[PDB]
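Here's the structure, in structure tokens; my notes come after.
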Amino acid sequence: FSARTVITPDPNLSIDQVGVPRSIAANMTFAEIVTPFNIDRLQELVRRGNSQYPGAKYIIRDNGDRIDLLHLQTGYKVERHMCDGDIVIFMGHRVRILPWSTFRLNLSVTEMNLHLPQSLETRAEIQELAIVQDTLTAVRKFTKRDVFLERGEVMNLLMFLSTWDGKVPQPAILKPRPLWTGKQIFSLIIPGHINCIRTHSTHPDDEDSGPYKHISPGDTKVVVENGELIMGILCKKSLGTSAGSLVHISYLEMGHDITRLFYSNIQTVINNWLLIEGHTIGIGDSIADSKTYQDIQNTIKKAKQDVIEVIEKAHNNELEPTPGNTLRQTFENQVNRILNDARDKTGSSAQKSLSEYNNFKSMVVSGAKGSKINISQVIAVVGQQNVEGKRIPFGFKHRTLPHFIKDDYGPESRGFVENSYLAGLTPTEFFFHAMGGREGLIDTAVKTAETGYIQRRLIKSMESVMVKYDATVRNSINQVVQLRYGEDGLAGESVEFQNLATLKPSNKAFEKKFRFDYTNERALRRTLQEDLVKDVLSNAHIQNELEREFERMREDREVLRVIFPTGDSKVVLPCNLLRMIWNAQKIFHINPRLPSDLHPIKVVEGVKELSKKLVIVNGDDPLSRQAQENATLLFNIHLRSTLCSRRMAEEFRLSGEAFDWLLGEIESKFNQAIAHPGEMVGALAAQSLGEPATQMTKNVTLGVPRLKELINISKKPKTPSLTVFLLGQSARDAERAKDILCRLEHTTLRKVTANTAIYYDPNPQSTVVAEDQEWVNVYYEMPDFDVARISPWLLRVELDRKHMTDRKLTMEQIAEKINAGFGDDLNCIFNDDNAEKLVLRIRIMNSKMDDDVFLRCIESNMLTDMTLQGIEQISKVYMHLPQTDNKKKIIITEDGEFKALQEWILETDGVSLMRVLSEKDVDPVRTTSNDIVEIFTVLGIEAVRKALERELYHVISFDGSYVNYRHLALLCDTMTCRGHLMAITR
Amino acid sequence: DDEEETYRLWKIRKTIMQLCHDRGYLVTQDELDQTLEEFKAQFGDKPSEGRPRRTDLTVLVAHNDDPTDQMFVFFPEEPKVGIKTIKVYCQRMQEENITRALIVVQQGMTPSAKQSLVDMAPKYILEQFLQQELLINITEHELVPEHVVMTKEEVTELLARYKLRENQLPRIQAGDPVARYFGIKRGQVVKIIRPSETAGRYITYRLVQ
Amino acid sequence: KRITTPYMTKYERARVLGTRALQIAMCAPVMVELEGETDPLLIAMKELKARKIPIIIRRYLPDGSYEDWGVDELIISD
Amino acid sequence: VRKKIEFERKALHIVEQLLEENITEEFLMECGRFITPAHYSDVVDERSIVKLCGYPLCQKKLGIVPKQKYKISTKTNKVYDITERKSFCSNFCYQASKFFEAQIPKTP
Ligand SMILES: [Zn+2]
């Protein structure tokens, strides 16, 4: 239908505009019907003809006849060559005609075809429904305090502001010469009245703790007030799309329609300023001073010496290996850790070397997403080259390359590149880096295909999931997936990250900050006017209402404590109350140094009717009221904690008019945040959960295979783990934890035995084994069994003392296990426990093919079937302290603080949860596993849904990617609402 | 061996009493938190030589709304329960005029025994419980949210309010561990309350199928 | 009994503007006073904020019961 | 559909019928065609539960269970799992039972 052409960037175009060549524009036409108030222009176009570009091609009458290019009247559908202002799709874009023959777009969000619709309805609906690391560096350089612009430069930059009011601001410096600042220009760029706080990347943590915490010694944390950059350098996090950035806040406040204008103004002004200031990269940016180069060389030499010392000590191999790994794995891990930490230290030193003028630092401090490692490789060291998560394998016979010696584990071999890219790579280093790059190319090639398949499968899974008009989420077959979207029936693009401010603080701190002590009559005068102070002090109903509302807020805090363990104050709420309070303060020019005229009871009442006005489930029917309370519980608690009288009169210090405006704004924003019915919630959730799969590049499966088996219902996970917690004293001391471990880990006769041999005894009293003679004489006297019934053959097994001691196994347990397994006719005798070289003997009680091969087969079917201890499903158990707080027990102290206790926990490869839960002294509340099928078969459908969403959140957040909880909840409820676990449609 | 079986029986009895309390039966609070010493003193500290022999451990409870329910909980002596002892238990239920009983088995029953037990459902409601499944309360797990059985009139008014049908509502299998724990049969609805990081806590409903 | 959010969804806005633009492009009578600008989309939106669009929206409940809503009483945040 | 329920109803009725007491050969022969081998194995299970052999022909009560598996015979020099033999009072009953399941029809 159309002509495809490569895309060429064009900064001068609008973000929503596309540059289309005139030839391609005239190739295909848009059909328009004649209107009484457009007949003249259509007549002009049809008079121009098909020879010229801005003409028409075909005319269709009311009868459907087609005429090629003459009278035009009502009802005639004429197709004319597309012109400026038209809408095309590849998301819809506005068409602009440009001379040359390439499609043109702006690159600000991240050969292709285009299509323009013919009917007006689809055009209208696409119109109503539809800064990449390039300008970040120049924005960072533009917001420097050093930037001073002359009058002509200021005027030239000002002309490129589409939203400019035309009033030239007074320069930051008037004398000796009128000099503006880049901060002033960007302040003019910023639209509306946006207030934002965002720390810079360079901003160290000690600035806030010490003095100068907001006079910004090193151009610290960015502050923007009243929609204009007060202070700071705008890096990626302060400008790129993120949580609470300038662009994000401006969008959420007053519309993408002018956030696009913000983008365009930033791009144009920054490009025009960089036209005269200029940016470049060259040799001098990688020639860091000889001091830092010498330091890097010294650190690399020290690392190589440490690796050599490790190798020579490993040759002497005293070097007790770490538990849970063999010698090879442990020492490879040690060498890899040494090389990696040396590389990281050299890279950090190289990055710190660039003081102010290096052009690489400009990209590093701003675009630190994935450029830090490249810069470190360029300047300091390329680093160790790895293949399949390991160093370079011995492709030859115990030798990586023929230029080395056999069995060479030094840093020079195995793929460690000492030299950086500037110094050039040695041929061996060059080949090792070629191997690493080939592995990376293979990984990317497979990862793109797998991610595409996962995205297609996920979008096909829930393409029909939609939010219905009753604020319920239902599928195509009309089963209610969720009563309210995201468990609150509210949209996911209108929410923000906030803090409860009442969950973390201790009881003493909570009452110090949330009680409004009116028995002071001195601080009230400072914070409130005289009339309000007198009214509060005199009236007792005021005090009673205050006490009751802080009491209900305290019980709300307790409800939060129950709902939110681990003290995770970071929450997702639709209305950013702190930002709204700041906006109210700025709009009304609230002076925090004067007493407020806002009555605390007015605050409480306003909060009460505001909460009454925030409705998600309609109706006074009692279960509807309960559903409304469920939907708005978290928001009401957050509002009460934030908009409390003490906070409002102590730190916010708002006025009555400001408070009323704040209430109105909160109500309006919450109403706008509600998820409107009919939204394609399923597709949005699928794409949101599938986009991180692009960057998804004790052994546990994780990443792409983990997600694949999670979306599937495969009964055989690659590494099925099962986390085990303990109750009390066992969780503290390691000995009792080991005792719990030994009875959970499977133990055959292989793991305990050391050697096995069948002897022939001409007489049990003879006892050809000399060491066992005295014990044999002691045992066979007064026999419990029949001596005449013993077989001449004997099976003597010497056990492993260390293995027996580790698992707390004893001889009598083994003997009784043998007796239970085979019966009385397997007479077994066990020497002793404390006796040196412990051993035990087995004979056969008489009751065809061969007598000795019979014992051979008995041992073969005995050595791996006795099951001395543990569960046969549990392959192995590892014991450790959880460093992260996710697996660490967290409780609430008597004072109310959240305290994390370090307790021993177990990770078992091999999954059997029912037996472990039934086991004594194993925590029956927190013990779980990553096998969703096992959880469903043991716990239930709701429990498996919760475990599945926890596992999906873990696999998503391992690499730092964040997915809104609404999408994950929708995905989990989609394939758990059937009553049983279901796989994806695929 | 001996004390291990005592602890196992104590855990089984505690979980059974918790299940009965969750089912709305009159369960005394002091007997809910029965310790090891209390269990040993009341019944016996050594199941060997048959002093506690799964007899006199049978639990008798009465529903709070209807005192005449008097649901039985049985612990058969034999490791595997048979059809004959099932008929004996049914005759006992008849001669105390009681239609609800649970059975705590060790290694289950035959599928034919299961079919025979479930066939005569209307006269007497019998359910089978494994030794391992009752060794711990599943509802106490952090993954398992709060489940409550809601009345038929509650289901009707819920459907009238939300304007839903039985099929449109999500359902939970009758063989689900929680469904068997609460003794809910096909056609009933269970209300699930679960903590939610976006709304504090959320309420959903699951049909039994 | 008419229970539904008083706002108008983005999809509803898209379809109603599309239908109104198509009608006025087929020379349907216009109830708002006209300007010199010609584009039917622009006159559609300006009659939208004029709050006199002669189309009501039927909202289908999941069971199948309709729920009519006059566009006059559908307040618009944007 | 097509009156399936009567089939397993009759099968289960036969199940408790064999559990009652001694069964004549003709009744067992005529009822074996309408029951799956799983049904007869279940019948053996309940009959062993009540201390009977599991073979309906004999009615003598089984003695003390050995409560141990993997019996080894030096005369035959082989290891046999006797988790099923514990059900049957005598070995002959066990062989007769297994010969009986050898030819039970698998038709539903
Ligand atoms: Zn017999």
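Residues are named by chain letter and number: chains run A, B, ... in the order of the structure tokens, numbers start at 1 in each chain, and ligands are numbered from 1 in the order shown.
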
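Of the residues in region 2-145 of chain B, those that DSSP places in strand (DSSP E) on the basis of the backbone are residues 59, 60, 72, 73, 74, 100, 101, 102, 103, 104, 125, 126, 127, 128 and 129 of chain B.
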
Practice item. Would you list the contacts of residue 76 (chain D) as number ranges by chain, taking every protein, DNA or RNA residue within 12 Å and counting only C-alpha atoms, but skipping same-chain residues closer than 6 positions in sequence? Key: A: 846-851, 854

Which region 613-699 of chain A residues have any atom within 8 Å of an atom of region 4-11 of chain C, and for each, what is the nearest pair of atoms with distance in Å to one decimal, counting only C-alpha atoms, rows sorted by chain and number, as a Markdown table?
| residue | atom | partner | partner_atom | distance |
| --- | --- | --- | --- | --- |
| A:676 | CA | C:9 | CA | 5.5 |
| A:677 | CA | C:9 | CA | 6.7 |
| A:678 | CA | C:11 | CA | 7.1 |
| A:679 | CA | C:11 | CA | 7.5 |

Prev. selection, N, CA and C atoms, output as a tab-separated table (two decimals), in the first residue's frame:
chain	number	residue	atom	x	y	z
A	676	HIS	N	-10.44	4.12	34.22
A	676	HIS	CA	-11.66	4.25	33.44
A	676	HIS	C	-12.01	2.92	32.78
A	677	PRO	N	-13.30	2.59	32.71
A	677	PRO	CA	-13.71	1.31	32.14
A	677	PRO	C	-13.39	1.21	30.65
A	678	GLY	N	-13.21	-0.03	30.20
A	678	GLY	CA	-12.94	-0.31	28.81
A	678	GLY	C	-11.48	-0.34	28.43
A	679	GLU	N	-10.58	-0.01	29.35
A	679	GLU	CA	-9.15	-0.01	29.04
A	679	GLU	C	-8.65	-1.42	28.76

Exercise for review: List all protein, DNA and RNA residues that have any atom at most 8 Å from ligand 1, counting only C-alpha atoms and all ligand atoms, and write the list as number ranges by chain.
Suggested key: D: 52-60, 62, 88-94

Should the cut-off be 6 Å, what would the residue list for chain C against chain A look like, counting only C-alpha atoms, as a JSON list (two decimals) with N, CA, C and O atoms, in the first residue's frame?
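Saved file out-v7.json follows:
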[["chain", "number", "residue", "atom", "x", "y", "z"],
["C", 9, "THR", "N", -14.50, 8.01, 29.44],
["C", 9, "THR", "CA", -13.24, 7.32, 29.22],
["C", 9, "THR", "C", -12.56, 7.82, 27.94],
["C", 9, "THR", "O", -13.18, 8.45, 27.09],
["C", 14, "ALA", "N", -12.75, 8.91, 22.15],
["C", 14, "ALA", "CA", -12.28, 8.66, 20.80],
["C", 14, "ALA", "C", -13.43, 8.29, 19.87],
["C", 14, "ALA", "O", -13.57, 8.86, 18.78],
["C", 18, "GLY", "N", -14.96, 10.57, 16.85],
["C", 18, "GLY", "CA", -14.92, 10.02, 15.51],
["C", 18, "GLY", "C", -16.29, 10.01, 14.85],
["C", 18, "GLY", "O", -16.44, 10.44, 13.70],
["C", 19, "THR", "N", -17.30, 9.54, 15.58],
["C", 19, "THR", "CA", -18.65, 9.48, 15.02],
["C", 19, "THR", "C", -19.19, 10.88, 14.73],
["C", 19, "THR", "O", -19.80, 11.11, 13.68],
["C", 22, "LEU", "N", -17.49, 12.26, 11.67],
["C", 22, "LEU", "CA", -18.01, 11.64, 10.45],
["C", 22, "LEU", "C", -19.38, 12.22, 10.10],
["C", 22, "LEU", "O", -19.64, 12.55, 8.93],
["C", 61, "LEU", "N", -23.47, -3.03, 30.68],
["C", 61, "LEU", "CA", -22.98, -3.76, 31.83],
["C", 61, "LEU", "C", -22.55, -5.16, 31.41],
["C", 61, "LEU", "O", -23.00, -5.67, 30.38]]

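For the atom pair formed by CA of residue 575 (chain A) and CA of residue 969 (chain A), the distance is 21.0 Å, given to one decimal.
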
Practice item. Rank B:54, B:114, B:100, B:186 by their smallest atom-to-atom distance to residue 82 (chain B), using only C-alpha atoms, and report the top residue only. Key: B:114

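Within 10 Å of chain B, and using only C-alpha atoms, the residues found on chain D are residues 8, 9, 11, 12, 13, 15, 16, 19, 20, 38, 39, 40, 41, 42, 43, 44, 45, 46, 47, 48, 49 and 50 of chain D.
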
Resulting file, chosen residues, C-alpha atoms, as a PDB file, in the first residue's frame:
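Full text of again03.pdb as output:
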ATOM      1  CA  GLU D   8     -19.454 -48.442  38.807  1.00  0.00           C
ATOM      2  CA  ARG D   9     -22.479 -48.736  41.101  1.00  0.00           C
ATOM      3  CA  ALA D  11     -18.839 -52.707  40.532  1.00  0.00           C
ATOM      4  CA  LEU D  12     -18.789 -51.165  44.016  1.00  0.00           C
ATOM      5  CA  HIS D  13     -21.704 -53.356  45.109  1.00  0.00           C
ATOM      6  CA  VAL D  15     -16.772 -54.821  46.004  1.00  0.00           C
ATOM      7  CA  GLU D  16     -18.624 -54.973  49.316  1.00  0.00           C
ATOM      8  CA  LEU D  19     -15.860 -58.341  51.520  1.00  0.00           C
ATOM      9  CA  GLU D  20     -18.744 -59.926  53.464  1.00  0.00           C
ATOM     10  CA  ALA D  38      -8.071 -52.258  40.656  1.00  0.00           C
ATOM     11  CA  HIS D  39     -11.411 -53.126  42.266  1.00  0.00           C
ATOM     12  CA  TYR D  40     -10.210 -56.611  43.209  1.00  0.00           C
ATOM     13  CA  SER D  41      -6.924 -55.199  44.523  1.00  0.00           C
ATOM     14  CA  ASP D  42      -8.930 -52.773  46.660  1.00  0.00           C
ATOM     15  CA  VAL D  43     -11.076 -55.681  47.876  1.00  0.00           C
ATOM     16  CA  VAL D  44      -7.885 -57.504  48.846  1.00  0.00           C
ATOM     17  CA  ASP D  45      -6.811 -54.357  50.694  1.00  0.00           C
ATOM     18  CA  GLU D  46      -9.948 -54.028  52.829  1.00  0.00           C
ATOM     19  CA  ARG D  47     -10.064 -57.782  53.444  1.00  0.00           C
ATOM     20  CA  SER D  48      -6.460 -57.634  54.664  1.00  0.00           C
ATOM     21  CA  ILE D  49      -7.464 -54.681  56.858  1.00  0.00           C
ATOM     22  CA  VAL D  50      -9.947 -56.918  58.697  1.00  0.00           C
TER      23      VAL D  50
END

Practice item. Do me a favour and pick out the residues of chain B within 9 Å of chain A, using only C-alpha atoms, as a ChimeraX atom specification. Key: /B:7-8,132-145,158,161-162,164,167-173,176-179,192,195-204,206-209

Quick one: write out the picked residues with C-alpha atoms as an mmCIF file, in the first residue's frame?
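Result file is result.cif:
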data_model
loop_
_atom_site.group_PDB
_atom_site.id
_atom_site.type_symbol
_atom_site.label_atom_id
_atom_site.label_comp_id
_atom_site.auth_asym_id
_atom_site.auth_seq_id
_atom_site.Cartn_x
_atom_site.Cartn_y
_atom_site.Cartn_z
ATOM 1 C CA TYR B 7 4.183 -35.496 69.545
ATOM 2 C CA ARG B 8 2.615 -36.495 66.224
ATOM 3 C CA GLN B 132 0.537 -36.004 57.156
ATOM 4 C CA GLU B 133 -2.029 -33.419 56.030
ATOM 5 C CA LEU B 134 -3.212 -32.867 59.622
ATOM 6 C CA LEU B 135 0.322 -32.725 61.045
ATOM 7 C CA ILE B 136 0.219 -28.947 60.473
ATOM 8 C CA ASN B 137 -2.464 -26.305 59.956
ATOM 9 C CA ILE B 138 -2.239 -25.090 56.358
ATOM 10 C CA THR B 139 -4.350 -22.012 57.120
ATOM 11 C CA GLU B 140 -1.603 -20.795 59.468
ATOM 12 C CA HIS B 141 0.858 -20.575 56.559
ATOM 13 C CA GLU B 142 1.781 -17.082 55.403
ATOM 14 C CA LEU B 143 0.959 -17.985 51.796
ATOM 15 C CA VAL B 144 -2.586 -19.046 52.730
ATOM 16 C CA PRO B 145 -4.831 -15.984 53.187
ATOM 17 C CA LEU B 158 -23.584 -11.002 46.899
ATOM 18 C CA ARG B 161 -25.338 -6.764 44.493
ATOM 19 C CA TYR B 162 -22.411 -7.390 42.150
ATOM 20 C CA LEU B 164 -22.904 -11.878 38.759
ATOM 21 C CA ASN B 167 -20.127 -19.423 36.536
ATOM 22 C CA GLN B 168 -18.743 -15.884 36.227
ATOM 23 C CA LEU B 169 -17.360 -15.984 39.768
ATOM 24 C CA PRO B 170 -13.913 -17.594 40.131
ATOM 25 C CA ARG B 171 -13.978 -21.061 41.648
ATOM 26 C CA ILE B 172 -11.738 -23.223 43.829
ATOM 27 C CA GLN B 173 -11.529 -26.982 43.323
ATOM 28 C CA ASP B 176 -8.166 -28.079 47.295
ATOM 29 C CA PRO B 177 -6.440 -28.488 50.689
ATOM 30 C CA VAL B 178 -8.208 -25.407 52.067
ATOM 31 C CA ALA B 179 -11.540 -26.596 50.659
ATOM 32 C CA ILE B 192 -10.923 -14.819 50.868
ATOM 33 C CA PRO B 195 -3.302 -8.356 52.544
ATOM 34 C CA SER B 196 -2.609 -6.209 49.483
ATOM 35 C CA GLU B 197 0.175 -3.662 49.052
ATOM 36 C CA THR B 198 -2.052 -1.379 46.939
ATOM 37 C CA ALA B 199 -5.263 -1.314 49.011
ATOM 38 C CA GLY B 200 -4.308 -2.543 52.490
ATOM 39 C CA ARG B 201 -6.338 -5.732 52.243
ATOM 40 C CA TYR B 202 -8.595 -7.132 49.540
ATOM 41 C CA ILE B 203 -11.636 -9.419 49.509
ATOM 42 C CA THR B 204 -12.419 -11.932 46.759
ATOM 43 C CA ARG B 206 -14.214 -18.396 45.112
ATOM 44 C CA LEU B 207 -16.909 -20.883 44.130
ATOM 45 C CA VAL B 208 -16.507 -24.586 44.890
ATOM 46 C CA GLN B 209 -16.308 -26.850 41.843
#

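For the pair CA of residue 175 (chain B) and CA of residue 90 (chain B), the separation is 22.8 Å.
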